[PDB]
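Labels below follow one simple rule: chain letters A, B, ... track the order of the sequence lines, proteins then strands, and each chain is numbered from 1. Values reported hereafter were calculated over all heavy atoms of this structure, with side chains retained and with hydrogens, waters and symmetry mates removed.
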Amino acid sequence: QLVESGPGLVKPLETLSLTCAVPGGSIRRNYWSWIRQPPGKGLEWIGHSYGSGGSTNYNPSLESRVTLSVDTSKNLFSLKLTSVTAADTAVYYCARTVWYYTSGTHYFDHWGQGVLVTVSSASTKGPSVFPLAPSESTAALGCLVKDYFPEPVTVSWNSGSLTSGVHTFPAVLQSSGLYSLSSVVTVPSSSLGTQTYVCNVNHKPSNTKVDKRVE
Amino acid sequence: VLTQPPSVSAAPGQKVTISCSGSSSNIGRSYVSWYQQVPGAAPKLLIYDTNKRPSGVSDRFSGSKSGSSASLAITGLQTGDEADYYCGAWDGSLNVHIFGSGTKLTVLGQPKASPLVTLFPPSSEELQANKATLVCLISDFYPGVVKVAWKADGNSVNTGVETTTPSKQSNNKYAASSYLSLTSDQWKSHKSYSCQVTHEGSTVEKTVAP
Ligand SMILES: [Cl-]
Ligand SMILES: [Cl-]
Ligand SMILES: [Cl-]
């Protein structure tokens with residue numbers, strides 16, 4: 001059993017402190033690692049420590065920022081990560097590490113459930129809204145809803161009267177900490193000059209409501 | 001870097017292999033481990049010491065390595081196997097654990113479907129504000145894995161690109177989007193931009209011009 005505990009939220013350039021609890025002992029005679037995973041991305045090993053070393057071995061790409069430690073009497077394995085940025089937003093896992101230098105075998109046989117840590121420079125901000133305009137049977141038009149925080153936003157078309165062929169895409173999160181999304185309606189090609197299309201955008205956290213004609 | 005194919009897939013009942021290609025400083029001298037991460041759980045150890053199974057891992061999973069490259073094989077594919085797989089090995093030069101780039105295993109599903117790609121130029125309105133956001137929308141593709149690359153005058157773009165993870169649509173195909181955030185001056189000073197979407201080894205591109 002391994003249990004991570006974290007702060008949930010940390011401000012940019014602050015220090016992230018996590019803890020991993022190892023009930024049932026065995027902390028002293030083992031290696032222990034921190035591993036993380038940004039949303040939508042791959043695993044990254046941060047480093048390991050021995051339960052009594054207290055030797056440590058860190059990912060060189062994070063070295064100046066990382067401190068691992070072991071409190072044998074509280075059975076706690078800890079990570080400090082200084083000067084965080086949005087790149088450090090990830091799920092953080094602790095894992096028991098089997099490490100035999102002699103055979104070059106390093107692997108993680110027991111994992112915690114992991115804790116999400118979110119680093120955000122973003123404050124509430126309302127979006128800009130721009131039109132997305134272009135033999136095929138269909139054409140696509142839409143609205144770009146740019147640079148808002150936080151989620152969510154809603155988008156309907158023609159005041160809710162147009163529902164068929166509507167696709168609102170999940171938002172992207174940019175390195176700025178702000179989101180953008182797009183909503184597009186797929187329409188018969190011949191309908192292009194014979195009908196009008198207005199996206200109705202609502203971003204409630206910023207009291208933002210915009211109607212935009214797309215032509 | 002341990003290089004895995006982003007997407008491996010086959011019908012239930014079939015067999016698949018997932019490659020993991022390293023270098024002599026890692027896979028060549030080290031034992032290889034594999035991890036299974038069902039969505040959206042923690043990873044679990046599937047294979048350790050290159051070919052060994054922890055208790056409670058089925059004999060349908062099997063591992064080997066040859067030189068600088070490792071492989072995980074799965075037989076009798078079952079819907080529960082659909083998941084991300086990561087290989088891992090110690091690198092004795094860098095003194096670090098290196099995870100592979102990860103493979104989504106898809107248990108098919110429905111037929112393969114190539115993405116429909118729409119690339120929008122920046123609007124006149126955003127341009128008057130001295131900005132140009134290009135918007136590349138990718139929909140109805142299956143398996144739900146794609147690589148997006150942008151070109152500026154045919155040149156690879158390595159700055160200002162942001163692309164979502166793929167998300168399951170109601171029809172169980174997937175959607176994604178990619179945004180290239182520019183100033184109006186960059187847009188106006190190029191002759192073309194393209195969004196190139198690679199899915200299952202084929203590429204679908206769209207191009208816009210100022
Ligand atoms: Cl099984
Ligand atoms: Cl660039
Ligand atoms: Cl259908």
Side-chain angles (χ1 to χ4, degrees), chain A residues 35-45 91 93 107-108 111, chain B residues 1-23 26-27 30-48 50-51 53-54 57-58 60-89 91 97-109 112-113 115 138 141-149 163-168 172-174 176 197-203:
Chain A
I35 291 152
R36 61 174 186 181
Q37 187 179 35
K41 294 170 182 153
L43 308 171
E44 173 165 54
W45 178 78
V91 175
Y93 299 93
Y107 66 89
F108 311 115
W111 289 67
Chain B
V1 164
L2 310 199
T3 292
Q4 295 184 238
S7 165
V8 164
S9 61
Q14 296 296 288
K15 185 214 202 164
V16 293
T17 64
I18 297 181
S19 59
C20 169
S21 169
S23 90
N26 45 69
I27 298 193
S30 299
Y31 283 93
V32 178
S33 60
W34 289 86
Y35 309 83
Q36 180 192 52
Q37 185 170 36
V38 310
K44 67 163 78 184
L45 177 67
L46 191 72
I47 295 298
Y48 70 99
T50 299
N51 58 32
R53 278 175 298 108
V57 171
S58 161
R60 299 187 297 103
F61 295 89
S62 71
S64 65
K65 72 151 177 183
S66 202
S68 284
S69 280
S71 184
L72 173 83
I74 308 163
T75 62
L77 262 186
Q78 292 174 4
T79 40
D81 300 331
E82 180 154 321
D84 296 317
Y85 293 79
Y86 293 91
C87 54
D91 187 300
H97 189 101
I98 310 195
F99 283 106
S101 66
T103 293
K104 187 189 189 179
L105 170 54
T106 295
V107 178
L108 301 167
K112 155 178 122 188
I138 317 161
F141 52 97
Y142 182 77
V145 175
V146 288
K147 191 174 66 55
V148 185
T163 309
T164 64
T165 71
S167 62
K168 202 174 310 205
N172 290 327
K173 302 179 194 176
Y174 284 76
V197 180
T198 304
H199 177 257
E200 307 290 295
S202 302
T203 302

Between the CD atom in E44(A) and the CD1 atom in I35(A), the distance rounded to the nearest 0.5 Å is 10.5 Å

Measure the shortest side-chain to side-chain distance between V145(B) and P166(B) over non-hydrogen atoms and say whether it is less than 4.5 angstrom.
no

The criterion is ring pair (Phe, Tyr, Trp, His ring centres under 6.0 Å); which residues satisfy it with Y86(B), sequence neighbours excluded?
none

Is there a side-chain contact between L77(B) and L105(B) (heavy atoms, below 4.5 Å)?
yes

At their closest point, which heavy atom of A113(B) faces which heavy atom of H199(B), and how far apart are they?
O-CE1, 3.1 Å

Please step through side-chain contact (heavy atoms from CB on, under 4.5 Å) for the pair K15(B) and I74(B), ending with a clear verdict.
CA-CA 6 Å; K15(B) 185 214 202 164; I74(B) 308 163; over 6 Å; no

Kindly compute the distance separating OG1 (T103(B)) from CH2 (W34(B)), expressed to the nearest 0.5 Å.
6.5 Å

Which atom pair, heavy atoms only, marks the closest approach of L108(B) to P143(B)?
CD2-CG, 4.1 Å

Shortest non-hydrogen contact from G22(B) toward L2(B)
CA-CD2, 3.8 Å

Taking every heavy atom of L45(B) against every heavy atom of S33(B), the minimum-distance pair comes out as CD1-CB, 4.1 Å

Taking the six-membered ring for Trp, is the centroid-to-centroid distance between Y93(A) and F108(A) below 6.0 Å?
no

Would you check if the side chain of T17(B) reaches a backbone N or O of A73(B) as a donor-acceptor pair within less than 3.5 Å?
no

Would you find a donor on one side and an acceptor on the other, under 3.5 Å apart, between the side chain of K65(B) and the backbone of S30(B)?
yes

Heavy-atom count check: over 12 atoms from other residues, nucleotides or ligands less than 6.0 Å from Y31(B) OH?
no

Name all pairs fulfilling the side chain to side chain donor-acceptor pair (under 3.5 Å) condition that reach into residues 71-83 of chain B, sequence neighbours left out, sorted by first residue then second.
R60(B)-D81(B)

With rounding to the nearest 0.5 angstrom, report the CD to CG distance, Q37(B) to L43(A).
6.0 Å

Excluding sequence neighbours, so at least two apart, what forms ring pair (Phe, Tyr, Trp, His ring centres under 6.0 Å) with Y85(B)?
none

Residue pair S62(B) / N51(B), side-chain heavy-atom distance below 4.5 Å:
no

Determine yes or no for a side-chain-to-main-chain donor-acceptor pair under 3.5 angstrom, with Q36(B) supplying the side chain and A83(B) the backbone.
no

Side chains of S101(B) and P6(B) in contact at under 4.5 Å (non-hydrogen atoms):
no

Carefully, step by step, assess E200(B) and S9(B) under the rule side-chain contact (heavy atoms from CB on, under 4.5 Å).
CA-CA 10 Å; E200(B) 307 290 295; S9(B) 61; 3.9 Å; yes

Test item: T165(B) and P39(A) side chains (from C-beta on) under 4.5 Å apart, heavy atoms:
no

What's the shortest heavy-atom distance between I47(B) and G63(B), and which atoms?
CD1-N, 4.2 Å

Evaluate the side-chain proximity of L46(B) to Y35(B): yes if any heavy-atom separation is below 4.5 Å, no if none is.
no

Could you grab the distance from atom NE2 of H97(B) to atom CG of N26(B), nearest 0.5 Å is fine?
10.0 Å

Residues that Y48(B) engages under ring pair (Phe, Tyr, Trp, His ring centres under 6.0 Å), provided they are two or more places apart
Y107(A)

Provide the closest heavy-atom pair for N172(B) versus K168(B) in the form atom of the first, atom of the second, distance.
OD1-CD, 3.6 Å

Go through the structure and list residues passing side chain to side chain contact (heavy atoms under 4.5 Å, CB included) with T203(B), not counting sequence neighbours.
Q196(B), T198(B)

Can you check whether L72(B) reaches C20(B) side chain to side chain, under 4.5 Å on heavy atoms?
no

Residues in side-chain hydrogen bond (donor to acceptor under 3.5 Å, both in side chains) contact with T163(B), at least two apart in sequence or another chain:
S178(B)

